[PDB]
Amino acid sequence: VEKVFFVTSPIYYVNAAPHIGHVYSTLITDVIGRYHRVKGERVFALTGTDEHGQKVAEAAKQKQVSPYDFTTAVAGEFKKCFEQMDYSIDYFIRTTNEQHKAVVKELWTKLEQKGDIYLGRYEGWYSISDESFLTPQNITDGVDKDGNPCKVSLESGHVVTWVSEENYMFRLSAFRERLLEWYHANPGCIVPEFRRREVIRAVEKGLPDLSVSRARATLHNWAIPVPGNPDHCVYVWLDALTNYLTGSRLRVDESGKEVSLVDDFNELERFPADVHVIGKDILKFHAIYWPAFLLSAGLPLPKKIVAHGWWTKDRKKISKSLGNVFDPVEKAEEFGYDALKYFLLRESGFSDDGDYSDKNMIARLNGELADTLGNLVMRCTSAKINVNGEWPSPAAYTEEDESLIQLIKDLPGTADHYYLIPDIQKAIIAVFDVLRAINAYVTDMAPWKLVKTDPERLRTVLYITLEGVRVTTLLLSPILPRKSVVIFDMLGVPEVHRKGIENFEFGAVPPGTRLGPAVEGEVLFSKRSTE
C-alpha cells in the first residue's frame, strides 16, 4: 500500500538525436512524478536510453564510429536535452550499465529455471528499425532506400527482412489465459481504454512463442550474452524492458550517479511500476511481453500502462529530411518552457495524435496562460486593487461567493482523479474551468470599483480570488513548475503551503499573509503577435 510511487518513461534507442517524441514521453513521466511529489508522496521517476541491438549497432557503423563511442555520445545528447527541458527525473538509466546487465542475466536465468525458455527457431519477418517480430498479416509491399520493391511493416512503414535462425524462445503462448485474467481483473491497467481493448483482442486470438535470443553475428556482437551460451545475445527488448526492474534496484547519490545495486526489489520499495508511460508504437512489448516475463519470473506486475499518440507539425509528419522540423528547445526559447509544456499537455489527450502549430501555440499562450491565468494573478496582486498588499480577512459570503468557493473546494478531488487515471489534459481543463469561473466572478464584482465604494465587500471578493488562484496554481504546479513558483512568490504563499494534501483545502493561507514584492514591468506570460 505505502511504497515509493514509481513512474517510468520508455528508454529510447540511441540511433539518432533526441526529438519531440522523446521529450513528450519523458514530460508525461515527469508531470506524473511531480504531481505525486506535490501530494507529499515518495516518488522515483525513471528515464533513459536503450543502447544495444542491431538497430543501434548499424547506426553506429553508418557514422563510422565504434558502438561504445556512438552510444556514449548520443546518450549524452539525450541527457543534455532532458537537462535543458528542466524535468525532475530521479535517474537516467543506460542499458550499457554493468549493473543492468547483471539484472538481465538474473532475469533470464529465472525465466529459464522456470521452464519457460527453450531452444527453437524463428523463421519469419523482422523489422530491424522497430526490433519487432512480425507476422505476414503485418507486412505489405513498399520501396527501400534505393526505390526497389521490398516488404515493409504495416505498423511503421519500415523495411522488413526475413529471418531464419536457431533462437532461444520464451513460451509466450502459455501465458494467454493469465494475461487475459490480468486485463480483466484490472480494467484500468491500460489507458486509454480503446488501447486496452486492442491488447485484449490481440491476446484473445492467441500468442506465438517469442524469440528472446539472436545469433551473435546478426547483432554485430553488440548486446548482452545469453548466460551459458556465448553464441547467443539476449533480445534487445528483453534487455530493454528489464531497465524498469534494474532502475527499481539502484541506489542513487545526490549527483544522480548510481552507487549500488540491491539484491531484492523490496529493499527500495519501487517495483513494480505504478505507471509505465509509453507511446502507442510499443504497446505490445509493455502490455503483453513484459507482464508475461514477470509472471514467469514470479515478479509483480505494473499497476498501469499509459500509451499516448504521435505528434505532427502543421498537419504534416515531423522529419528534418522532409523539411518539417519541430525543435522543442527552439520553441521553448521563443515561447517559454512552462508554456511549451502546457501546450503539449493541453492540446492533445493520450488517445489523440496531437498537432503543433505556432498559430495554436500562440492562441493557447495568449488565451489561457496570459488572459485567463496571468490576468487574474495581476488583478489580485495589483496595488490599485489590493491596496494593503495582503490577504484580506473576508466578511460575509453571498450565495454567488459560495458558488465559486464550491468550485474551488471541489477542484482538488476532481483534478486528483484525472491525474491518477492518468489523463493530464482533463486535469488541466478542470483547473482552467475553475480559473475561467474566477475571472467571470471578478468581472461581475468589479473590485476596482469596490475599492472606493465598498472596502468591506472588496475584502471578501479579493480573498476568494487569491485563494482560488492559490489552489488552481497548486494543482497546475506539475504542469507549470517554474511559473507556479513565481505565482506563489507574488501571492506571498509560505513554502510549507506550496505542497501537501493539507493545502488542497480552501483556507490554507491565513488573512494577514503578506504579498510578495512587486517588480517593475514584470508580467507572468507576455502575449505574442498573430502575424
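Think of the rigid core as the biggest set of C-alphas that the two forms share within 1.5 Å after superposition. Quick note: we count residues from 1 along the sequence shown, nothing fancier.
**Q** Core-aligned, RMS over all structures and residues: is 343-351 or 282-290 the stretch with the greater C-alpha displacement in 9 other deposited structures of this protein?
**A** Once the cores are fitted, 343-351 deviates more in 9 other deposited structures of this protein.
**Q** Which of the two stretches, 303-311 or 148-156, moves more in 9 other deposited structures of this protein when the core is held fixed, judged by C-alpha RMS distance?
**A** Higher root mean square deviation of C-alphas in 9 other deposited structures of this protein is shown by 303-311.
**Q** Does residue 220, which is modelled here, drop out in at least a third of the other compared PDB entries?
**A** No, none of the compared structures omit it.
**Q** Taking only the other compared entries that model residues on either side of residue 260, decide whether it is unmodelled in at least a third of them.
**A** No, residue 260 is modelled in every other compared entry.
**Q** Is the mean CA B factor in the deposited entry higher across 318-326 or across 101-109?
**A** Comparing averages over the C-alpha atoms only gives 318-326.
**Q** Highest mean C-alpha temperature factor of the two stretches 511-519 and 18-26, which is it?
**A** For C-alpha atoms only, the mean B-factor is higher in 511-519.
**Q** In terms of CA temperature factor as recorded, identify the highest of 173, 453, 95, 425.
**A** 453 has the highest C-alpha B-factor of those listed.
**Q** Going by the entry, which of 359, 341, 121, 249 has the most elevated CA B factor?
**A** Highest C-alpha B-factor among the listed options: 359.
**Q** In terms of the chain's CA B-factor thirds, is residue 222 lowest, middle or highest?
**A** It falls in the middle third of the chain.
**Q** Going by the recorded CA B-factors, say which third of the chain residue 192 sits in, lowest, middle or highest.
**A** For residue 192, the deposited C-alpha B-factor lands in the lowest third.
**Q** Residue 59's Cα B-factor: lowest, middle or highest third of the chain?
**A** It falls in the top third of the chain.
**Q** By the record's CA B-factor, is residue 263 among the lowest, middle or highest third of residues in the chain?
**A** Highest third, going by the recorded CA B-factors of the chain.
**Q** Of the three thirds of its chain by CA temperature factor, lowest, middle or highest, which one includes residue 65?
**A** Its C-alpha B-factor, which the entry lists for residue 65, ranks in the highest third among residues of this chain.
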